[PDB]
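Beneath this line is the structure, given in structure tokens, with notes to follow.
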Amino acid sequence: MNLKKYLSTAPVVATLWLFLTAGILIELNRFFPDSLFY
Amino acid sequence: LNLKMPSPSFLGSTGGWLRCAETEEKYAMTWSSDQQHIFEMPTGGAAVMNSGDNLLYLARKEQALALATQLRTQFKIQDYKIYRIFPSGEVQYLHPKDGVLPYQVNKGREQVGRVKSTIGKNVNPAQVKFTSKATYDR
Amino acid sequence: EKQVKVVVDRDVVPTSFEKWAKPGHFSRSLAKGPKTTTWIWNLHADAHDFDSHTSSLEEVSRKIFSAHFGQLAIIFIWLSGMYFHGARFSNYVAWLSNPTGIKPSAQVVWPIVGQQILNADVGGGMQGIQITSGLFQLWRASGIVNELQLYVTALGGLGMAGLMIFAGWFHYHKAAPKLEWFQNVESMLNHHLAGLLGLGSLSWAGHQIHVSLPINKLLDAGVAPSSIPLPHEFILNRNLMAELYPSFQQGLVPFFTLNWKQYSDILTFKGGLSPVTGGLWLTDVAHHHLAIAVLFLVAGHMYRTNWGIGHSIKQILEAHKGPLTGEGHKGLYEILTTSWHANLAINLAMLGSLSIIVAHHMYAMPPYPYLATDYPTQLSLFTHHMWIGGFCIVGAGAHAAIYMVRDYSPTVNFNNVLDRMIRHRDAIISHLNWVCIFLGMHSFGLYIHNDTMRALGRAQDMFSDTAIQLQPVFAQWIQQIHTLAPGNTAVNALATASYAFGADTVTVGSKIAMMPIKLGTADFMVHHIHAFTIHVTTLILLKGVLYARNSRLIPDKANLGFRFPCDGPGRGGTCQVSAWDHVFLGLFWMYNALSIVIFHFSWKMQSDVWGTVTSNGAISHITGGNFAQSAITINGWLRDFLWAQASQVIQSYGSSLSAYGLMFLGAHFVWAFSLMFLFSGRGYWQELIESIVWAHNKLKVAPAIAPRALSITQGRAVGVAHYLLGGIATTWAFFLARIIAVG
Amino acid sequence: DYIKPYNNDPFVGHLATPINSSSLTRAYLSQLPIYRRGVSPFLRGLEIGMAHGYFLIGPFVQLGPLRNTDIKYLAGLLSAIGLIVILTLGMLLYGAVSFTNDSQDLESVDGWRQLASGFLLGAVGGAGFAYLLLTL
Amino acid sequence: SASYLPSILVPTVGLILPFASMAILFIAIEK
Amino acid sequence: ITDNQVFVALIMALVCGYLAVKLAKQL
Amino acid sequence: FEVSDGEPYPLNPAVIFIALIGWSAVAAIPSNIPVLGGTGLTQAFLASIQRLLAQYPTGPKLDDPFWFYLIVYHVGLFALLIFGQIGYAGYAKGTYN
Amino acid sequence: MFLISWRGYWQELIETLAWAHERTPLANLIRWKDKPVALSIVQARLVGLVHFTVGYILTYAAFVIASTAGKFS
Amino acid sequence: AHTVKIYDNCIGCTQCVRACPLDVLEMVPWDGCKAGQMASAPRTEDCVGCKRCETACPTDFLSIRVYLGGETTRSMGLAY
Ligand code: CLA
Ligand code: CLA
Ligand code: CLA
Ligand code: CLA
Ligand code: CLA
Ligand code: CLA
Ligand code: CLA
Ligand code: CLA
Ligand SMILES: CCCCCCCCCCCCCCCC(=O)OC[C@H](COP(=O)(O)OC[C@@H](O)CO)OC(=O)CCCCCCCCCCCCCCC
Ligand SMILES: CC1=C(/C=C/C(C)=C\C=C\C(C)=C\C=C\C=C(C)\C=C/C=C(C)/C=C/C2=C(C)CCCC2(C)C)C(C)(C)CCC1
Ligand code: SF4
Ligand code: SF4
Ligand code: SF4
């Protein structure tokens, strides 16, 4: 019953990391919309 | 050889040898068995090999060899002989050609198609241009 | 006599996460480590292939029963999602108040990157994406009037999904049935015929009689949805049902006294569409479900199970034998009880055919209320079921080839129909190929000839109504017979089954619901094109299944397997020789055939059926009679259909339909990206990957998992997947945008 | 049981099915201008041509581009004659490459030449007869 | 002008020349 | 371009064809 | 007659006669329906045949009832003929089920 | 067509056609001098590339000429 | 008429002969490896070029190379 190892596999870790990245991007886009030319 | 040898009980099929086999090469396979086994013909179908002697005709050497492979694998039959018949009628012994399986090393066989060293030593195509020589030729 | 008993193994498989951390554990080769990037693809390619994992039929049967439960749970979750979306983010009540004016919508897009524009002004207060799934019409037909019922249904669906999750885990780790179970085809058929379908239709008929009928009757009588009594009130207070249907005054006594004719208020056979909503009369639908339930229940007592009475499928199969078929259907029973691939092939072909039939019957005889008036929903549903049916048919062929390559046995298939067919497979495929050539010439050549004539100004020499005419006399005759059936062959039927055959037109909300679909020369040519494409795709699939084991080119294709790249550059070339490749080609042909079929339905419906009706009966279609003279030429199919109707999907930018336009472009990209994988080989990509790997090596950043190119078979699969995805998405966006912008 | 190998010898690429081989089928396939015993190549060609041109004229006269004009029959006859000439050309080419010098038995250059001449003459005559029937 | 030259050449180069060339070419390749 | 001029051009074209047939047969 | 190769095939004209008589008698049962006009499909079909024979050059068009009678009569007659030959050869002649 | 389907499906198809031609009466007399065979692997790539190239060029030629003509004529 | 050539790096594993479907290869005595056997191609007239032997060769670089040359009836695998 090694759930940590499974959660550490490539698909799970990749989906979690990309989900966090997309969430950060979206959150930044609603708090700071239509960002251009810094 | 032994053209009167009994044939497996097959019901025809439309995948057998065509007219081309009549005017050209036609392979034959003759094997002996002790049980009336059911085997898949290489032409598509199912046949029952007569207990005793079985002889059938095919239009390709690969078909006969494939049938022999399944007779040797699906069943423990190793006494399969593949001959070739020409339109003239002269038979030719093709498989095994020596009574021993090809993958079983046997004395009396002369090496054919041997190249010294590895392929990395092959000459460039530019060095054998305009000549009847190949890269693999030393 | 065999006892139809249940035997199971307890705690057969332990429940633990130990195997979750070892990808590829199900395969001996995949459990040794990747060593290359091809292992990642092989892990998913052979994940659901339970027959390759183990050689035991019991284990495969258990792995199927479970995972069937998982898919059932997935379907229940999806259904719960649809119901919850309807209850929380949809204008269902507003739509009920004004079904013709309010556009169905159950999706609300978040305002983040300007995507808030997708929230179309569908009406009813809320603004969102218009749904063309027919969820609103289905819910109305089911008697739903308030969103509380939708919420309860969503919760029930979630609970059912949880149950289907527990059942799937329990039937694999707590109680796994043995192979004797799953081989009781007589019992499984009896139960599915009398319990899954018979009792299911019976229960649905009861619900319609007690919920759908009264609620819909009140809705069609001008009563507000909030003022209609609750469904339980119609059951508790019989006075209400009696008032709405006097037949209920007699109660169930007439049923038990065989005085079924007293149920003429609830069990009618009117035959036509309701003039108020445009759909089938709910009474005829309830009576239909009752009859189908009784018929299925009677059919469910045919096979023999644990009792002397019944029938044996094996005995019936072996009994059918004739002079032209030596052993008839002998050995087929053992084939369908020892190989899941054969059963899957038959079931997939039938399920796909059933889906296609469903599409035709649903558009011709709109079953749900206000379904015909909602052209977007009609187009989407016909096209959707048509596509799912075609995909299931191609899958049926693929699984037939799989069974032929792996589960076939010469002893079982001896002198039977299957063996006798494999014997003359050359006659079958050459004659079928000849039929395909004849059909293509006499179908596409007619179109090409018309193009050549119109371009030369020789319109008098065309295959049209004005010029040489090719009238579907047989189909037109069947239509006339259907038109006259309600009085000479259907004595108790009060109207034709479908108004598409004839009779009169039906208009609901100043919109045409269903009018006679007259067939002409254009329909003759298009129908022949459909037959031609169906023949070529079935030829490809049949060829792949018949030669799956061997052929005159490769005498031992079976030993090579069902899914192998090729035998090499020998014998002139043996590329795409395996049956899997035949399925790969059949996918493109099925896509072509289905695309042409949906194109014909869309254009014909928009030019001769769908449209508006002005006061006094004047009819004006979306594309006034242009299909009669424009569908007879390829130029017309490109100008009046692909170019004229695409203006809605290309000009959708700046509005709520912009998304569709975007998807219209994206799909194209995908369809064009597939070409990359279809016109190329892995040798070149492997060399390019070698150079890229050298670049990585120069920086000490090379990966341990040796990068490799996609396999030949994997490359073909990726190419076909992208091709189908892009094409279907392009036609999906085009159809949806065109039908939503206008009509 | 009706389906058997063509020559009762299995392993052949053919089957003796009902319409493939039968009393009626064997009688019909036989006696035709081709395959009939005691018929010279020229006679076979003449019969085949007179039977081919007759039905070949029909399509051109009925659906030809000039099917509505007063010379529909003449135009169709000319088109059929041209098609017959092209077919005869094909026949002669086939005989020129496929067959060699040997006895005239329909499988030689002279035999196929006689067959082609007969086919051309018969086809032209049949087309003319059909045209005459249509005009009358 | 020679308005008859095109009417005599187009059919010759479109029907006579192709058939004759194909026949000679077929004889050459086969023999 | 008179008819005679067209005929002269055709004759020259025939000569060119003959030369191009000889050149090809020689090759 | 030989159906295939040297294997004989039993042909009995009585099969055709019995199939024709049986189907005509079955279809001769009257039915008070507008298409049949209160008579069996056999009588209606024969009546339509006579009507269309009067006008020998002009054939029946798409709206003529003759086509419905023709299809149903041929469907049933062909079914009796096919099933009849199956029963005669399979059971009477010993060809087996 | 040639850019997607590769040799092997066509080889078997041609074998089936060969069987049909040499097993049909009144047409057995006509015998192919050269044994029918499917287009080679490389031959298929060249034929498909030629078809694709001819279509690309002809399609854009017709489009450009017709558009520039109708627009300004 | 494909040319099958065996090189000196052959280890005499016989996998090429076992995987050949046309009996084109065989094993002959040799002294270049402990196996004492080497692959030979004395029936190259029956070769079709399927390259099953090339795929079945374990050496780093294939010790058996099949070159597609003259095409005949046997090499085209024509049963008609
Ligand atoms: C699986 C499908 C299904 C299901 C679950 C149900 C379920 C139900 N139906 Mg129903 N129904 C169905 C299909 C279904 N039906 C179909 C296909 C039909 C034919 C179209 C009907 C027609 C029907 C009618 C007409 C009625 C129901 C009724 C009912 C409800 C009570 C049944 C009852 O026991 O009353 C039993 C009623 C009797 C009359 C018993 C018969 C024998 C009695 C004992 C006679 C002896 C005399 C005695 C003094 C009673 C006098 C009764 C007289 C005044 C009528 C019940 C919830 C009843 C209802 O509750 O209405 C809302 C109702 O009246 N159903
Ligand atoms: C269509 C008419 C018809 C039908 C249904 C049958 C049916 C039957 N015949 Mg029979 N027969 C017929 C005509 C028919 N026969 C005629 C005209 C003759 C005179 C030559 C005979 C002479 C004959 C003999 C000598 C024998 C039989 C026997 C039998 C039985 C053996 C099994 C069998 O034949 O297959 C059919 C079996 C079934 C159970 C029927 C299934 C039907 C399917 C499910 C649907 C059919 C739909 C059909 C195509 C509809 C057509 C349209 C309609 C308007 C007519 C069987 C029940 C044998 C017997 O007596 O039994 C031992 C036998 O000895 N028949
Ligand atoms: C994965 C990256 C990510 C990141 C970095 C953030 C960051 C942030 N989010 Mg956010 N969020 C995310 C994903 C993320 N979110 C997702 C996937 C959803 C669901 C679509 C939400 C929904 C959400 C809402 C409704 C709100 C925020 C808010 C906020 C800000 C509040 C301050 C804070 O520090 O809380 C840190 C928050 C997180 C790190 C994410 C936790 C999200 C949890 C699951 C709460 C959402 C509950 C949801 C309504 C119901 C169940 C969801 C299910 C997944 C369990 C913030 C900086 C609040 C805001 O607007 O600030 C004014 C607010 O109202 N988020
Ligand atoms: C009248 C009894 C009955 C009923 C109603 C069903 C119904 C069903 N069976 Mg089933 N089956 C039965 C008896 C029955 N079976 C028997 C006796 C056998 C042994 C001979 C089998 C062996 C069998 C196999 C091997 C498989 C099925 C499968 C299925 C499902 C098909 C998928 C589908 O169409 O979605 C429709 C789904 C629904 C309409 C939802 C309804 C679900 C509820 C729970 C009704 C099912 C009741 C269940 C059979 C018994 C309850 C047991 C109890 C201890 C809780 C379906 C739910 C397939 C499947 O999907 O696997 C899970 C499949 O693989 N059955
Ligand atoms: C009830 C339907 C059904 C079922 C139960 C099965 C079951 C099975 N199939 Mg089959 N099949 C079906 C329908 C079905 N199929 C249909 C409809 C087709 C035609 C498309 C096929 C064509 C087919 C082929 C050609 C093959 C199988 C194979 C298999 C077996 C292994 C599957 C596997 O492990 O691959 C793993 C599955 C995947 C890696 C997923 C692939 C994803 C594709 C591209 C679909 C993407 C859909 C999605 C909507 C895309 C958009 C979203 C995107 C942007 C992310 C398995 C027993 C294989 C086999 O038998 O093994 C030798 C085999 O080769 N199937
Ligand atoms: C739409 C058609 C299409 C497209 C888009 C491409 C694109 C590409 N080809 Mg190409 N090709 C095509 C058709 C196409 N080809 C055809 C018909 C042929 C003839 C067989 C070729 C033959 C060919 C060869 C021989 C070569 C290429 C190469 C390349 C790459 C060049 C480098 C580059 O620009 O990378 C940039 C990347 C892109 C343009 C792709 C866009 C980025 C994507 C969309 C982002 C990732 C996915 C995204 C997250 C969304 C998906 C999410 C998921 C959940 C579904 C590139 C990816 C060359 C190469 O490999 O380059 C090194 C190479 O040598 N192609
Ligand atoms: C494959 C589809 C197709 C069809 C059905 C037609 C049909 C027709 N075309 Mg057309 N055409 C086509 C494609 C087609 N074309 C294409 C693709 C082009 C562009 C290249 C053209 C360009 C074209 C032109 C320029 C013209 C036509 C014309 C015509 C008409 C007369 C042609 C003629 O005389 O042929 C002759 C036919 C035959 C000699 C024989 C036909 C074969 C026979 C009937 C088959 C019998 C088989 C038999 C049943 C077997 C069993 C018998 C045995 C057992 C005894 C005719 C209706 C002409 C016209 O004016 O239009 C009205 C005309 O000028 N076409
Ligand atoms: C490349 C040059 C070329 C030329 C010059 C022609 C010329 C002609 N074509 Mg053709 N065509 C061509 C290429 C060509 N085609 C190609 C490549 C195709 C395939 C795409 C076609 C497909 C095609 C079709 C389908 C049809 C034509 C038809 C015609 C004729 C139509 C004229 C008309 O409208 O009145 C009609 C004039 C007549 C009916 C009189 C018939 C004149 C005959 C054919 C010429 C004399 C032959 C002669 C008897 C034989 C040699 C002499 C003999 C004594 C030894 C015309 C003579 C139509 C036709 O009428 O077919 C016959 C028609 O049906 N063509
Ligand atoms: C001729 C009257 C039927 C009208 C044609 C359409 C019928 C639809 C059924 C399709 C199969 C054709 C019927 C003959 C077939 C038929 O029923 O024969 C009879 C025979 C069945 O009788 P048996 O004695 O074998 O019965 C024992 C078993 O059937 C046990 O159930 O079937 C065959 O063995 C041959 C199968 C196909 C033979 C090749 C024909 C292929 C052509 C396919 C195209 C058909 C015509 C297309 C429409 C124009
Ligand atoms: C598929 C079909 C069919 C068909 C049939 C037929 C087709 C028949 C016939 C026929 C035919 C198709 C015929 C033809 C003919 C022709 C003729 C009868 C002629 C003649 C004569 C003459 C007058 C001649 C002359 C001449 C001259 C002028 C000189 C030169 C030489 C000659 C001799 C040529 C049937 C019904 C079975 C079945 C169903 C459908
Ligand atoms: S490498 Fe590709 S093209 Fe070559 S034989 Fe294999 S599958 Fe065919
Ligand atoms: S290419 Fe194929 S046939 Fe030729 S030697 Fe190798 S394995 Fe044998
Ligand atoms: S050629 Fe390759 S497979 Fe054959 S014996 Fe030598 S090393 Fe082994």
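Residues in the structure tokens are numbered from 1 in each chain, the chains being A, B, ... in the order shown, and ligands are numbered from 1 in the order shown.
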Fewer than 5 positions away in the same chain doesn't count, so skip those; otherwise give me all residues within 8 Å of region 56-65 of chain B, counting only C-alpha atoms, as number ranges by chain.
B: 7-8, 16-18, 21, 25-30, 42-43, 82; C: 555; D: 11; I: 21-23, 46, 77-80
I need the alpha helix (DSSP H) residues of region 18-66 of chain H per DSSP on the backbone, written as a PyMOL selection string.
chain H and resi 18-22+41-66
So that I can check the secondary structure, give me every residue of chain I assigned strand (DSSP E or B) by backbone DSSP, as an NGL selection string.
:I and (3-7 or 26-29 or 37-40 or 64-67)
Show me which residues sit within 10 Å of ligand 4 when counting only C-alpha atoms and all ligand atoms, and put them as a PyMOL selection string.
chain C and resi 4-6+61-73+75-76+160-161+163-164+167-168+171+177+180-200+300+305
Selection: 8 Å around residue 127 (chain C), only C-alpha atoms, excl. self and same-chain fewer than 6 positions, as a PyMOL selection string:
chain C and resi 105+108+119-121
Store the residues picked out above in a file with N, CA and C atoms, as a compact mmCIF listing (two decimals), in the first residue's frame.
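Writing done, so here's selection_3.txt:
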# COMPACT_ATOMS: atom_id res chain seq x y z
N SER C 105 -29.95 26.06 -22.70
CA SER C 105 -28.58 26.35 -22.29
C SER C 105 -28.38 25.88 -20.86
N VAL C 108 -22.41 27.76 -18.11
CA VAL C 108 -22.06 29.15 -17.81
C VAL C 108 -20.55 29.25 -17.79
N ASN C 119 -21.22 33.50 -23.33
CA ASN C 119 -22.51 33.41 -22.67
C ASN C 119 -23.56 34.08 -23.56
N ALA C 120 -24.12 33.31 -24.49
CA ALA C 120 -25.11 33.84 -25.41
C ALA C 120 -26.38 34.26 -24.69
N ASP C 121 -27.08 35.22 -25.28
CA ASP C 121 -28.34 35.72 -24.72
C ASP C 121 -29.47 34.74 -25.06
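Environment of ligand 12, defined as every protein or nucleic acid residue with an atom within 7 Å of it and counting only C-alpha atoms and all ligand atoms, comprises residues 4, 16, 19, 20, 21, 22, 23, 24, 25, 41, 44, 46, 47, 48, 49, 50, 51, 52, 53, 54 and 66 of chain I.
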With the cut-off set at 12 Å and counting only C-alpha atoms and all ligand atoms, tabulate each residue of chain B with an atom at most that distance from an atom of ligand 13, showing the nearest atom pair and its distance in Å to one decimal, ordered by chain and increasing number, as CSV.
residue,atom,partner,partner_atom_place_in_ligand_line,distance
B:102,CA,ligand 13,5 (S),11.4
B:103,CA,ligand 13,5 (S),8.9
B:104,CA,ligand 13,5 (S),11.1
B:105,CA,ligand 13,5 (S),10.6
B:113,CA,ligand 13,1 (S),11.4
B:114,CA,ligand 13,1 (S),10.6
B:115,CA,ligand 13,1 (S),11.7
B:118,CA,ligand 13,1 (S),11.6
Sorted by chain and rising residue number, which residues of chain C lie within 10 Å of ligand 8, and what are their closest atom pairs and distances in Å to one decimal, counting only C-alpha atoms and all ligand atoms, as a Markdown table?
| residue | atom | partner | partner_atom_place_in_ligand_line | distance |
| --- | --- | --- | --- | --- |
| C:449 | CA | ligand 8 | 25 (C) | 8.4 |
| C:452 | CA | ligand 8 | 20 (C) | 9.6 |
| C:458 | CA | ligand 8 | 34 (O) | 9.7 |
Keeping only N, CA and C atoms, write the selected residues to a file as a PDB file, in the first residue's frame.
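Result file result_37.pdb:
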ATOM      1  N   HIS C 449     -20.079  13.761 -64.249  1.00  0.00           N
ATOM      2  CA  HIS C 449     -20.691  14.025 -65.543  1.00  0.00           C
ATOM      3  C   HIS C 449     -21.524  15.292 -65.486  1.00  0.00           C
ATOM      4  N   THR C 452     -19.217  18.281 -65.571  1.00  0.00           N
ATOM      5  CA  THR C 452     -18.714  18.507 -66.922  1.00  0.00           C
ATOM      6  C   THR C 452     -19.785  19.117 -67.818  1.00  0.00           C
ATOM      7  N   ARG C 458     -23.968  22.661 -71.449  1.00  0.00           N
ATOM      8  CA  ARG C 458     -24.886  21.647 -71.963  1.00  0.00           C
ATOM      9  C   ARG C 458     -25.765  21.110 -70.834  1.00  0.00           C
TER      10      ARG C 458
END
Give the residues close to ligand 6, within 6 Å, counting only C-alpha atoms and all ligand atoms; write them as a tab-separated table (two decimals) with N, CA, C and O atoms, in the first residue's frame.
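The file below, result_13.tsv, is the result:
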chain	number	residue	atom	x	y	z
C	669	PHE	N	-6.38	22.70	-38.12
C	669	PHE	CA	-4.99	22.48	-37.75
C	669	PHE	C	-4.76	21.01	-37.43
C	669	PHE	O	-3.86	20.37	-37.98
C	672	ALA	N	-4.81	18.90	-40.36
C	672	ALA	CA	-3.62	19.09	-41.17
C	672	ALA	C	-2.39	18.53	-40.48
C	672	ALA	O	-1.42	18.18	-41.15
C	673	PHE	N	-2.43	18.42	-39.15
C	673	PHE	CA	-1.32	17.86	-38.39
C	673	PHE	C	-1.27	16.35	-38.57
C	673	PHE	O	-0.19	15.76	-38.61
C	675	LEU	N	-1.77	14.74	-41.22
C	675	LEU	CA	-1.04	14.44	-42.44
C	675	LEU	C	0.42	14.16	-42.13
C	675	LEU	O	1.03	13.27	-42.74
C	676	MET	N	0.98	14.88	-41.16
C	676	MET	CA	2.37	14.67	-40.76
C	676	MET	C	2.62	13.20	-40.46
C	676	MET	O	3.57	12.60	-40.97
C	679	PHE	N	1.75	10.76	-43.94
C	679	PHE	CA	2.61	10.76	-45.11
C	679	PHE	C	4.08	10.62	-44.75
C	679	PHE	O	4.95	10.95	-45.57
C	680	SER	N	4.40	10.14	-43.54
C	680	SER	CA	5.78	10.01	-43.09
C	680	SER	C	6.03	8.66	-42.43
C	680	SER	O	5.10	7.93	-42.07
Env of region 12-22 of chain A: 12 Å cut, atoms = only C-alpha atoms, seq-sep filter 6 positions within chain, self excluded. Answer as an mmCIF file with C-alpha atoms, in the first residue's frame.
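The resulting part-v4.cif:
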data_model
loop_
_atom_site.group_PDB
_atom_site.id
_atom_site.type_symbol
_atom_site.label_atom_id
_atom_site.label_comp_id
_atom_site.auth_asym_id
_atom_site.auth_seq_id
_atom_site.Cartn_x
_atom_site.Cartn_y
_atom_site.Cartn_z
ATOM 1 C CA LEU A 3 0.238 5.372 -2.370
ATOM 2 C CA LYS A 4 2.994 7.993 -2.138
ATOM 3 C CA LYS A 5 5.064 6.243 -4.808
ATOM 4 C CA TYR A 6 2.073 6.109 -7.158
ATOM 5 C CA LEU A 28 -2.982 36.082 -12.105
ATOM 6 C CA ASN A 29 -5.141 36.776 -15.173
ATOM 7 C CA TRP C 20 -0.042 1.167 -8.443
ATOM 8 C CA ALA C 21 3.629 2.144 -8.060
#
When the cut-off is 10 Å and you count only C-alpha atoms and all ligand atoms, which residues lie near ligand 7, shown as an MDAnalysis selection string?
(chainID C and resid 437:453 456 458:463 467:468) or (chainID D and resid 53 55:68 76 79:80 83:84)
Can you work out which residues are within 6 Å of ligand 11, considering only C-alpha atoms and all ligand atoms, and then hand them over as a ChimeraX atom specification?
/C:565-566,568-569,573-575
